[PDB]
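Q: Structure file query33.pdb, PDB, C-alpha atoms, is pasted below:
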```pdb
ATOM      1  CA  UNK A   1      19.073  78.906 -30.608  1.00  0.00           C
ATOM      2  CA  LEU A   2      17.953  82.467 -29.614  1.00  0.00           C
ATOM      3  CA  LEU A   3      20.921  84.709 -28.724  1.00  0.00           C
ATOM      4  CA  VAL A   4      21.590  88.309 -30.113  1.00  0.00           C
ATOM      5  CA  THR A   5      25.393  88.289 -30.951  1.00  0.00           C
ATOM      6  CA  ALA A   6      27.427  90.329 -33.383  1.00  0.00           C
ATOM      7  CA  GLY A   7      29.734  88.238 -35.629  1.00  0.00           C
ATOM      8  CA  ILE A   8      29.307  84.434 -34.822  1.00  0.00           C
ATOM      9  CA  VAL A   9      25.493  83.926 -34.223  1.00  0.00           C
ATOM     10  CA  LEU A  10      25.283  80.628 -32.117  1.00  0.00           C
ATOM     11  CA  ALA A  11      22.427  78.105 -32.176  1.00  0.00           C
TER      12      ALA A  11
ATOM     13  CA  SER B   1      21.810  92.221  -7.731  1.00  0.00           C
ATOM     14  CA  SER B   2      21.070  95.367  -9.706  1.00  0.00           C
ATOM     15  CA  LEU B   3      18.570  93.447 -11.875  1.00  0.00           C
ATOM     16  CA  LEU B   4      15.013  94.468 -10.945  1.00  0.00           C
ATOM     17  CA  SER B   5      12.350  91.832 -10.672  1.00  0.00           C
ATOM     18  CA  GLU B   6       9.194  92.329 -12.722  1.00  0.00           C
ATOM     19  CA  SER B   7       7.309  93.382  -9.583  1.00  0.00           C
ATOM     20  CA  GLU B   8       9.984  96.022  -8.731  1.00  0.00           C
ATOM     21  CA  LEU B   9       9.884  97.888 -12.044  1.00  0.00           C
ATOM     22  CA  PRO B  10       9.707 101.694 -12.108  1.00  0.00           C
ATOM     23  CA  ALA B  11       6.649 103.598 -13.286  1.00  0.00           C
ATOM     24  CA  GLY B  12       6.489 104.328 -16.993  1.00  0.00           C
ATOM     25  CA  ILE B  13       7.758 101.109 -18.583  1.00  0.00           C
ATOM     26  CA  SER B  14       4.814  98.682 -18.643  1.00  0.00           C
ATOM     27  CA  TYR B  15       3.621  97.694 -22.116  1.00  0.00           C
ATOM     28  CA  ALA B  16       0.340  99.557 -21.489  1.00  0.00           C
ATOM     29  CA  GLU B  17       2.150 102.698 -20.378  1.00  0.00           C
ATOM     30  CA  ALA B  18       4.572 102.658 -23.315  1.00  0.00           C
ATOM     31  CA  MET B  19       1.729 102.192 -25.805  1.00  0.00           C
ATOM     32  CA  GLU B  20       0.110 105.373 -24.432  1.00  0.00           C
ATOM     33  CA  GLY B  21       3.368 107.262 -24.909  1.00  0.00           C
ATOM     34  CA  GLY B  22       3.729 110.044 -27.454  1.00  0.00           C
ATOM     35  CA  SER B  23       6.982 111.873 -28.166  1.00  0.00           C
ATOM     36  CA  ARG B  24       8.025 112.672 -24.577  1.00  0.00           C
ATOM     37  CA  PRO B  25       9.750 110.246 -22.192  1.00  0.00           C
ATOM     38  CA  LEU B  26       7.843 108.225 -19.594  1.00  0.00           C
ATOM     39  CA  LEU B  27      10.550 106.923 -17.246  1.00  0.00           C
ATOM     40  CA  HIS B  28      12.455 110.171 -16.520  1.00  0.00           C
ATOM     41  CA  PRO B  29      11.868 113.689 -17.865  1.00  0.00           C
ATOM     42  CA  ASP B  30      15.378 114.093 -19.249  1.00  0.00           C
ATOM     43  CA  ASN B  31      15.365 110.867 -21.275  1.00  0.00           C
ATOM     44  CA  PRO B  32      15.783 111.520 -25.016  1.00  0.00           C
ATOM     45  CA  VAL B  33      13.146 110.302 -27.456  1.00  0.00           C
ATOM     46  CA  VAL B  34      14.471 109.377 -30.906  1.00  0.00           C
ATOM     47  CA  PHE B  35      12.841 107.967 -34.011  1.00  0.00           C
ATOM     48  CA  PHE B  36      13.407 105.752 -37.053  1.00  0.00           C
ATOM     49  CA  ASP B  37      11.366 106.013 -40.222  1.00  0.00           C
ATOM     50  CA  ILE B  38      11.286 102.459 -41.597  1.00  0.00           C
ATOM     51  CA  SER B  39      10.908 101.182 -45.145  1.00  0.00           C
ATOM     52  CA  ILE B  40      10.429  97.537 -46.035  1.00  0.00           C
ATOM     53  CA  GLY B  41      11.793  97.205 -49.506  1.00  0.00           C
ATOM     54  CA  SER B  42      10.251 100.057 -51.451  1.00  0.00           C
ATOM     55  CA  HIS B  43       7.275 100.369 -49.025  1.00  0.00           C
ATOM     56  CA  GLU B  44       7.291 102.920 -46.145  1.00  0.00           C
ATOM     57  CA  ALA B  45       6.181 101.009 -43.037  1.00  0.00           C
ATOM     58  CA  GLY B  46       5.931 103.867 -40.532  1.00  0.00           C
ATOM     59  CA  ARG B  47       7.840 105.408 -37.665  1.00  0.00           C
ATOM     60  CA  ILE B  48       9.282 103.861 -34.514  1.00  0.00           C
ATOM     61  CA  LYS B  49       9.678 106.297 -31.625  1.00  0.00           C
ATOM     62  CA  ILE B  50      12.002 105.178 -28.842  1.00  0.00           C
ATOM     63  CA  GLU B  51      12.629 106.544 -25.335  1.00  0.00           C
ATOM     64  CA  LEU B  52      16.278 106.033 -24.372  1.00  0.00           C
ATOM     65  CA  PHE B  53      16.774 105.355 -20.633  1.00  0.00           C
ATOM     66  CA  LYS B  54      19.578 107.820 -19.994  1.00  0.00           C
ATOM     67  CA  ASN B  55      18.593 107.703 -16.315  1.00  0.00           C
ATOM     68  CA  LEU B  56      19.545 104.001 -16.128  1.00  0.00           C
ATOM     69  CA  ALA B  57      22.087 103.495 -18.948  1.00  0.00           C
ATOM     70  CA  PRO B  58      23.505 106.887 -19.912  1.00  0.00           C
ATOM     71  CA  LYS B  59      26.439 105.692 -22.004  1.00  0.00           C
ATOM     72  CA  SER B  60      24.287 103.257 -23.984  1.00  0.00           C
ATOM     73  CA  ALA B  61      21.593 105.906 -24.478  1.00  0.00           C
ATOM     74  CA  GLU B  62      24.053 108.543 -25.662  1.00  0.00           C
ATOM     75  CA  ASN B  63      25.766 106.197 -28.129  1.00  0.00           C
ATOM     76  CA  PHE B  64      22.430 105.282 -29.723  1.00  0.00           C
ATOM     77  CA  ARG B  65      21.228 108.888 -29.639  1.00  0.00           C
ATOM     78  CA  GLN B  66      24.248 110.227 -31.510  1.00  0.00           C
ATOM     79  CA  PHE B  67      23.881 107.508 -34.139  1.00  0.00           C
ATOM     80  CA  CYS B  68      20.265 108.663 -34.630  1.00  0.00           C
ATOM     81  CA  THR B  69      21.117 112.328 -35.152  1.00  0.00           C
ATOM     82  CA  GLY B  70      24.271 112.039 -37.230  1.00  0.00           C
ATOM     83  CA  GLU B  71      26.214 113.960 -34.569  1.00  0.00           C
ATOM     84  CA  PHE B  72      29.091 111.495 -34.431  1.00  0.00           C
ATOM     85  CA  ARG B  73      31.912 111.853 -36.944  1.00  0.00           C
ATOM     86  CA  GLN B  74      34.399 109.123 -37.794  1.00  0.00           C
ATOM     87  CA  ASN B  75      37.411 110.429 -39.710  1.00  0.00           C
ATOM     88  CA  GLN B  76      35.410 113.679 -40.020  1.00  0.00           C
ATOM     89  CA  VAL B  77      32.459 111.906 -41.722  1.00  0.00           C
ATOM     90  CA  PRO B  78      29.059 111.643 -39.948  1.00  0.00           C
ATOM     91  CA  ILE B  79      28.110 108.048 -39.333  1.00  0.00           C
ATOM     92  CA  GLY B  80      25.073 106.464 -37.788  1.00  0.00           C
ATOM     93  CA  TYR B  81      21.758 104.760 -38.322  1.00  0.00           C
ATOM     94  CA  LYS B  82      20.560 106.703 -41.372  1.00  0.00           C
ATOM     95  CA  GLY B  83      20.411 104.066 -44.095  1.00  0.00           C
ATOM     96  CA  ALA B  84      21.162 101.259 -41.652  1.00  0.00           C
ATOM     97  CA  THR B  85      19.148  98.050 -41.662  1.00  0.00           C
ATOM     98  CA  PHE B  86      17.627  95.268 -39.581  1.00  0.00           C
ATOM     99  CA  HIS B  87      19.810  92.391 -40.772  1.00  0.00           C
ATOM    100  CA  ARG B  88      18.636  89.583 -38.461  1.00  0.00           C
ATOM    101  CA  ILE B  89      14.938  89.008 -37.824  1.00  0.00           C
ATOM    102  CA  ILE B  90      13.556  86.112 -35.763  1.00  0.00           C
ATOM    103  CA  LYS B  91       9.786  86.016 -35.530  1.00  0.00           C
ATOM    104  CA  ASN B  92       8.471  85.669 -31.953  1.00  0.00           C
ATOM    105  CA  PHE B  93      11.915  86.608 -30.568  1.00  0.00           C
ATOM    106  CA  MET B  94      13.431  89.949 -31.684  1.00  0.00           C
ATOM    107  CA  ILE B  95      14.549  92.194 -34.547  1.00  0.00           C
ATOM    108  CA  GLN B  96      18.247  93.061 -34.692  1.00  0.00           C
ATOM    109  CA  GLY B  97      19.888  95.907 -36.571  1.00  0.00           C
ATOM    110  CA  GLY B  98      22.162  98.912 -36.480  1.00  0.00           C
ATOM    111  CA  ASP B  99      25.210  97.408 -38.168  1.00  0.00           C
ATOM    112  CA  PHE B 100      25.945 100.501 -40.259  1.00  0.00           C
ATOM    113  CA  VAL B 101      29.573  99.380 -40.671  1.00  0.00           C
ATOM    114  CA  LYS B 102      29.078  96.084 -42.468  1.00  0.00           C
ATOM    115  CA  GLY B 103      25.333  95.533 -42.735  1.00  0.00           C
ATOM    116  CA  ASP B 104      25.556  91.878 -41.725  1.00  0.00           C
ATOM    117  CA  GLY B 105      26.069  91.583 -37.961  1.00  0.00           C
ATOM    118  CA  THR B 106      29.872  91.592 -38.056  1.00  0.00           C
ATOM    119  CA  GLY B 107      30.232  95.367 -37.585  1.00  0.00           C
ATOM    120  CA  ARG B 108      31.159  97.085 -34.349  1.00  0.00           C
ATOM    121  CA  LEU B 109      31.850 100.747 -33.639  1.00  0.00           C
ATOM    122  CA  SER B 110      30.715 103.084 -30.854  1.00  0.00           C
ATOM    123  CA  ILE B 111      31.047 106.762 -30.027  1.00  0.00           C
ATOM    124  CA  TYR B 112      33.612 105.691 -27.375  1.00  0.00           C
ATOM    125  CA  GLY B 113      35.912 103.619 -29.571  1.00  0.00           C
ATOM    126  CA  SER B 114      35.673 100.122 -31.006  1.00  0.00           C
ATOM    127  CA  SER B 115      33.532  98.947 -28.088  1.00  0.00           C
ATOM    128  CA  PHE B 116      32.190 100.038 -24.705  1.00  0.00           C
ATOM    129  CA  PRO B 117      31.581  98.146 -21.447  1.00  0.00           C
ATOM    130  CA  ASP B 118      28.273  96.901 -20.163  1.00  0.00           C
ATOM    131  CA  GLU B 119      26.508  99.370 -17.913  1.00  0.00           C
ATOM    132  CA  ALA B 120      24.560  98.034 -14.906  1.00  0.00           C
ATOM    133  CA  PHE B 121      22.015  95.362 -15.836  1.00  0.00           C
ATOM    134  CA  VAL B 122      19.032  97.107 -14.221  1.00  0.00           C
ATOM    135  CA  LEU B 123      16.107  96.087 -16.426  1.00  0.00           C
ATOM    136  CA  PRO B 124      15.116  92.568 -17.497  1.00  0.00           C
ATOM    137  CA  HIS B 125      14.002  91.589 -21.011  1.00  0.00           C
ATOM    138  CA  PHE B 126      10.505  91.238 -19.609  1.00  0.00           C
ATOM    139  CA  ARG B 127       8.280  92.029 -22.615  1.00  0.00           C
ATOM    140  CA  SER B 128       8.088  92.952 -26.270  1.00  0.00           C
ATOM    141  CA  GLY B 129       8.993  96.496 -27.255  1.00  0.00           C
ATOM    142  CA  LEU B 130      12.273  96.918 -25.338  1.00  0.00           C
ATOM    143  CA  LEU B 131      15.520  98.208 -26.834  1.00  0.00           C
ATOM    144  CA  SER B 132      18.619  96.237 -25.828  1.00  0.00           C
ATOM    145  CA  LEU B 133      22.300  96.062 -26.842  1.00  0.00           C
ATOM    146  CA  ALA B 134      23.543  93.326 -29.155  1.00  0.00           C
ATOM    147  CA  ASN B 135      27.129  92.241 -28.338  1.00  0.00           C
ATOM    148  CA  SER B 136      29.553  89.348 -28.633  1.00  0.00           C
ATOM    149  CA  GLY B 137      30.141  88.634 -24.962  1.00  0.00           C
ATOM    150  CA  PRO B 138      31.053  90.747 -21.929  1.00  0.00           C
ATOM    151  CA  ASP B 139      31.920  94.388 -22.576  1.00  0.00           C
ATOM    152  CA  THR B 140      31.623  94.354 -26.386  1.00  0.00           C
ATOM    153  CA  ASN B 141      28.843  96.852 -27.054  1.00  0.00           C
ATOM    154  CA  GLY B 142      29.128  98.845 -30.263  1.00  0.00           C
ATOM    155  CA  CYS B 143      26.430  99.994 -32.665  1.00  0.00           C
ATOM    156  CA  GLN B 144      24.069  97.050 -33.007  1.00  0.00           C
ATOM    157  CA  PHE B 145      20.867  96.703 -31.015  1.00  0.00           C
ATOM    158  CA  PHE B 146      17.677  94.688 -30.929  1.00  0.00           C
ATOM    159  CA  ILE B 147      14.022  95.352 -30.187  1.00  0.00           C
ATOM    160  CA  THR B 148      12.317  92.546 -28.320  1.00  0.00           C
ATOM    161  CA  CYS B 149       9.324  90.864 -29.915  1.00  0.00           C
ATOM    162  CA  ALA B 150       8.645  88.610 -26.908  1.00  0.00           C
ATOM    163  CA  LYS B 151       9.801  88.157 -23.352  1.00  0.00           C
ATOM    164  CA  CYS B 152      13.398  86.852 -23.475  1.00  0.00           C
ATOM    165  CA  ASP B 153      14.781  86.790 -19.935  1.00  0.00           C
ATOM    166  CA  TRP B 154      17.527  84.342 -20.849  1.00  0.00           C
ATOM    167  CA  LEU B 155      19.278  87.501 -22.187  1.00  0.00           C
ATOM    168  CA  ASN B 156      19.260  89.127 -18.726  1.00  0.00           C
ATOM    169  CA  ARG B 157      22.671  90.163 -17.335  1.00  0.00           C
ATOM    170  CA  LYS B 158      24.213  89.680 -20.778  1.00  0.00           C
ATOM    171  CA  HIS B 159      22.580  92.589 -22.654  1.00  0.00           C
ATOM    172  CA  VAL B 160      21.746  96.040 -21.305  1.00  0.00           C
ATOM    173  CA  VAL B 161      18.094  97.010 -21.794  1.00  0.00           C
ATOM    174  CA  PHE B 162      18.298 100.750 -22.459  1.00  0.00           C
ATOM    175  CA  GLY B 163      15.059 101.935 -24.057  1.00  0.00           C
ATOM    176  CA  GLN B 164      11.470 101.288 -25.031  1.00  0.00           C
ATOM    177  CA  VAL B 165       9.390 101.955 -28.098  1.00  0.00           C
ATOM    178  CA  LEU B 166       6.581 104.497 -27.570  1.00  0.00           C
ATOM    179  CA  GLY B 167       3.053 104.357 -28.952  1.00  0.00           C
ATOM    180  CA  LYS B 168       0.927 101.846 -30.834  1.00  0.00           C
ATOM    181  CA  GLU B 169       2.272 102.808 -34.282  1.00  0.00           C
ATOM    182  CA  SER B 170       5.798 102.036 -33.117  1.00  0.00           C
ATOM    183  CA  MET B 171       4.812  98.511 -32.134  1.00  0.00           C
ATOM    184  CA  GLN B 172       2.880  98.020 -35.339  1.00  0.00           C
ATOM    185  CA  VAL B 173       6.042  98.850 -37.263  1.00  0.00           C
ATOM    186  CA  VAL B 174       8.097  96.495 -35.096  1.00  0.00           C
ATOM    187  CA  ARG B 175       5.605  93.712 -35.836  1.00  0.00           C
ATOM    188  CA  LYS B 176       5.776  94.439 -39.583  1.00  0.00           C
ATOM    189  CA  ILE B 177       9.561  94.097 -39.502  1.00  0.00           C
ATOM    190  CA  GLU B 178       9.312  90.945 -37.370  1.00  0.00           C
ATOM    191  CA  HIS B 179       7.169  89.201 -39.968  1.00  0.00           C
ATOM    192  CA  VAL B 180       9.154  89.853 -43.152  1.00  0.00           C
ATOM    193  CA  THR B 181      10.376  86.831 -45.076  1.00  0.00           C
ATOM    194  CA  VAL B 182      13.889  85.746 -44.127  1.00  0.00           C
ATOM    195  CA  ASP B 183      16.565  83.449 -45.543  1.00  0.00           C
ATOM    196  CA  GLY B 184      18.194  80.549 -43.688  1.00  0.00           C
ATOM    197  CA  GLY B 185      20.410  82.977 -41.782  1.00  0.00           C
ATOM    198  CA  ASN B 186      17.405  85.046 -40.648  1.00  0.00           C
ATOM    199  CA  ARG B 187      18.406  87.872 -42.975  1.00  0.00           C
ATOM    200  CA  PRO B 188      15.360  89.526 -44.631  1.00  0.00           C
ATOM    201  CA  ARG B 189      14.930  88.798 -48.303  1.00  0.00           C
ATOM    202  CA  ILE B 190      13.954  92.428 -48.873  1.00  0.00           C
ATOM    203  CA  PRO B 191      15.964  95.031 -46.932  1.00  0.00           C
ATOM    204  CA  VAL B 192      14.430  96.728 -43.911  1.00  0.00           C
ATOM    205  CA  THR B 193      15.955 100.204 -43.770  1.00  0.00           C
ATOM    206  CA  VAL B 194      16.035 103.182 -41.430  1.00  0.00           C
ATOM    207  CA  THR B 195      15.508 105.810 -44.106  1.00  0.00           C
ATOM    208  CA  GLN B 196      15.598 108.764 -41.691  1.00  0.00           C
ATOM    209  CA  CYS B 197      16.251 109.065 -37.993  1.00  0.00           C
ATOM    210  CA  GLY B 198      16.712 111.749 -35.409  1.00  0.00           C
ATOM    211  CA  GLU B 199      15.651 113.128 -32.070  1.00  0.00           C
ATOM    212  CA  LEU B 200      12.197 114.448 -31.082  1.00  0.00           C
TER     213      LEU B 200
END
```
The structure in this file should be written as structure tokens.

A:
Amino acid sequence: XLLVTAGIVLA
Amino acid sequence: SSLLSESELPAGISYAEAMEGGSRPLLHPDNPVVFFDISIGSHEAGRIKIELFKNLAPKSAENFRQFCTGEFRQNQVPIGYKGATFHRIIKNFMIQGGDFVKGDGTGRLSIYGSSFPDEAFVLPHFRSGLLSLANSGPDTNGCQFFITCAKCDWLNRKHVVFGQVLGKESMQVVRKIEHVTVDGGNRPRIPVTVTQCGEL
């Protein structure tokens, strides 16, 4: 999907 | 709730106001204004100027600011955004960068230690052109950030919005970055680099 993470980007 | 609704926003942060900005802050007179000069591959794209909302998010602003000026030393070596990249680009959503540690989204370091807590979630992700902290869950801010390319309020209360780009050129550069060709992991096929950065 549309998150803004650092390491394990999720859907 | 500390989160302001879109009708409660302070003066100085509408899209129209930000696009009329120059090199001085609009939200509070003591906010720093920093810049990135951007290259896309071998091609200079232009400069992004950014007001950092020290008045609302001082720790987040100061961390970013020091990484722009090269003021912060790790093991007596200056470290920061010079030469850093935008490693994750999602058209119509946001551009993400600032992983100067690893260049791929796995890196985390701040001027405070490995991470720093979330400040108050005052501003929503209400429009394009906002600077916000990338993280990996509660209280895991480090060096990475994103610039919004659309409204994205599903990020509210999970990421601190701590700045805004200033001036039409800045947004034009953001849009150039947003539209570069990416691989299946949303990593640009040609690097997008901060070749120089600092404080105005």

Q: Where's the centre, and what are the edge lengths in Å to one decimal, of a box along x, y and z enclosing all listed atoms of chain A padded 8 Å per side, as AutoDock Vina command-line options?

A:
```
--center_x 23.8 --center_y 84.2 --center_z -32.2 --size_x 27.8 --size_y 28.2 --size_z 22.9
```

Q: May I have the residues within 12 Å of residue A:1 as a PyMOL selection string, using only C-alpha atoms and disregarding those fewer than 3 positions away in the same chain?

A: (chain A and resi 4-5+9-11) or (chain B and resi 90+93+154+185-186)

Q: I'd like the contact shell of residue B:24 - 12 Å cut-off, only C-alpha atoms, skipping same-chain residues fewer than 4 positions apart - returned as a compact mmCIF listing (two decimals) with C-alpha atoms, keeping the file's coordinate frame.

A:
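Okay, this is what ended up in part.txt:
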```txt
# COMPACT_ATOMS: atom_id res chain seq x y z
CA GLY B 12 6.49 104.33 -16.99
CA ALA B 18 4.57 102.66 -23.32
CA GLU B 20 0.11 105.37 -24.43
CA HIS B 28 12.46 110.17 -16.52
CA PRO B 29 11.87 113.69 -17.86
CA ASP B 30 15.38 114.09 -19.25
CA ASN B 31 15.36 110.87 -21.28
CA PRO B 32 15.78 111.52 -25.02
CA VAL B 33 13.15 110.30 -27.46
CA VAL B 34 14.47 109.38 -30.91
CA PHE B 35 12.84 107.97 -34.01
CA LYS B 49 9.68 106.30 -31.62
CA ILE B 50 12.00 105.18 -28.84
CA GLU B 51 12.63 106.54 -25.34
CA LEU B 52 16.28 106.03 -24.37
CA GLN B 164 11.47 101.29 -25.03
CA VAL B 165 9.39 101.96 -28.10
CA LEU B 166 6.58 104.50 -27.57
CA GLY B 167 3.05 104.36 -28.95
CA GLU B 199 15.65 113.13 -32.07
CA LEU B 200 12.20 114.45 -31.08
```

Q: To verify the selection step, state as an MDAnalysis selection string which residues the PyMOL selection byres ((chain B) within 8 of (chain A)) yields on this input.

A: chainID B and resid 93 96 105:108 134:137 144 146 155

Q: I need the output of the PyMOL selection byres ((chain B and resi 179) around 12) for this file as JSON, numbers by chain; which residues are they?

A: {"B": [40, 88, 89, 90, 91, 92, 93, 94, 95, 149, 172, 173, 174, 175, 176, 177, 178, 180, 181, 182, 186, 187, 188, 189, 190, 192]}

Q: May I have the selected residues written with C-alpha atoms, as a compact mmCIF listing (two decimals), in the frame of the given file?

A:
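Written out: again-v7.txt:
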```txt
# COMPACT_ATOMS: atom_id res chain seq x y z
CA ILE B 40 10.43 97.54 -46.04
CA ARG B 88 18.64 89.58 -38.46
CA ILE B 89 14.94 89.01 -37.82
CA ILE B 90 13.56 86.11 -35.76
CA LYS B 91 9.79 86.02 -35.53
CA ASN B 92 8.47 85.67 -31.95
CA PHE B 93 11.92 86.61 -30.57
CA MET B 94 13.43 89.95 -31.68
CA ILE B 95 14.55 92.19 -34.55
CA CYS B 149 9.32 90.86 -29.92
CA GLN B 172 2.88 98.02 -35.34
CA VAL B 173 6.04 98.85 -37.26
CA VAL B 174 8.10 96.50 -35.10
CA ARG B 175 5.60 93.71 -35.84
CA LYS B 176 5.78 94.44 -39.58
CA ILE B 177 9.56 94.10 -39.50
CA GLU B 178 9.31 90.94 -37.37
CA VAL B 180 9.15 89.85 -43.15
CA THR B 181 10.38 86.83 -45.08
CA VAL B 182 13.89 85.75 -44.13
CA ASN B 186 17.40 85.05 -40.65
CA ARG B 187 18.41 87.87 -42.98
CA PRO B 188 15.36 89.53 -44.63
CA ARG B 189 14.93 88.80 -48.30
CA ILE B 190 13.95 92.43 -48.87
CA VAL B 192 14.43 96.73 -43.91
```

Q: Could you tell me how far atom CA of residue B:158 lies from atom CA of residue B:118, in Å and to one decimal?

A: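 Between these atoms lies a distance of 8.3 Å.
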
Q: By how many Å are atom CA of residue B:170 and atom CA of residue B:148 apart?

A: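 Rounded to one decimal, the two atoms are 12.5 Å apart.
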
Q: Return as a list in words the set of residues that the PyMOL selection byres ((chain B and resi 68) around 9) yields on the displayed structure.

A: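 Residues picked by the PyMOL selection byres ((chain B and resi 68) around 9): residues 34, 35, 36, 63, 64, 65, 66, 67, 69, 70, 71, 80, 81, 82, 196, 197, 198 and 199 of chain B.
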
Q: Rounded to one decimal place, report the atom CA of residue B:13-atom CA of residue B:109 distance in Å.

A: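 Computed distance, atom CA of residue B:13 to atom CA of residue B:109, equals 28.4 Å.
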
Q: Output chain A as a JSON list (two decimals), keeping the file's coordinate frame, making sure N, CA, C and O atoms are there.

A:
```
[["chain", "number", "residue", "atom", "x", "y", "z"],
["A", 1, "UNK", "N", 20.10, 78.54, -31.58],
["A", 1, "UNK", "CA", 19.07, 78.91, -30.61],
["A", 1, "UNK", "C", 18.67, 80.36, -30.76],
["A", 1, "UNK", "O", 18.47, 80.92, -31.81],
["A", 2, "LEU", "N", 18.52, 81.09, -29.54],
["A", 2, "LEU", "CA", 17.95, 82.47, -29.61],
["A", 2, "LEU", "C", 18.84, 83.46, -28.87],
["A", 2, "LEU", "O", 18.52, 84.04, -27.86],
["A", 3, "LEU", "N", 20.13, 83.67, -29.45],
["A", 3, "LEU", "CA", 20.92, 84.71, -28.72],
["A", 3, "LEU", "C", 20.85, 85.96, -29.68],
["A", 3, "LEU", "O", 20.35, 85.96, -30.77],
["A", 4, "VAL", "N", 21.52, 87.12, -29.17],
["A", 4, "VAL", "CA", 21.59, 88.31, -30.11],
["A", 4, "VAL", "C", 23.12, 88.73, -30.07],
["A", 4, "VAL", "O", 23.59, 89.61, -29.39],
["A", 5, "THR", "N", 23.96, 87.91, -30.95],
["A", 5, "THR", "CA", 25.39, 88.29, -30.95],
["A", 5, "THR", "C", 25.65, 88.98, -32.31],
["A", 5, "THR", "O", 24.86, 89.14, -33.21],
["A", 6, "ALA", "N", 27.00, 89.49, -32.25],
["A", 6, "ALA", "CA", 27.43, 90.33, -33.38],
["A", 6, "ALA", "C", 28.72, 89.70, -33.98],
["A", 6, "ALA", "O", 29.85, 89.98, -33.64],
["A", 7, "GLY", "N", 28.47, 88.70, -34.98],
["A", 7, "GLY", "CA", 29.73, 88.24, -35.63],
["A", 7, "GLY", "C", 29.53, 86.70, -35.83],
["A", 7, "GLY", "O", 29.35, 86.16, -36.92],
["A", 8, "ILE", "N", 29.55, 85.91, -34.63],
["A", 8, "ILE", "CA", 29.31, 84.43, -34.82],
["A", 8, "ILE", "C", 27.98, 84.20, -34.00],
["A", 8, "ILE", "O", 27.89, 84.12, -32.79],
["A", 9, "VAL", "N", 26.83, 84.18, -34.88],
["A", 9, "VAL", "CA", 25.49, 83.93, -34.22],
["A", 9, "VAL", "C", 25.61, 82.41, -33.81],
["A", 9, "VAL", "O", 26.09, 81.55, -34.54],
["A", 10, "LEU", "N", 25.15, 82.07, -32.48],
["A", 10, "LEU", "CA", 25.28, 80.63, -32.12],
["A", 10, "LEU", "C", 23.81, 80.12, -32.29],
["A", 10, "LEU", "O", 22.85, 80.76, -32.67],
["A", 11, "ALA", "N", 23.78, 78.69, -31.96],
["A", 11, "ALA", "CA", 22.43, 78.10, -32.18],
["A", 11, "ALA", "C", 21.46, 78.73, -31.14],
["A", 11, "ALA", "O", 21.74, 79.29, -30.08]]
```
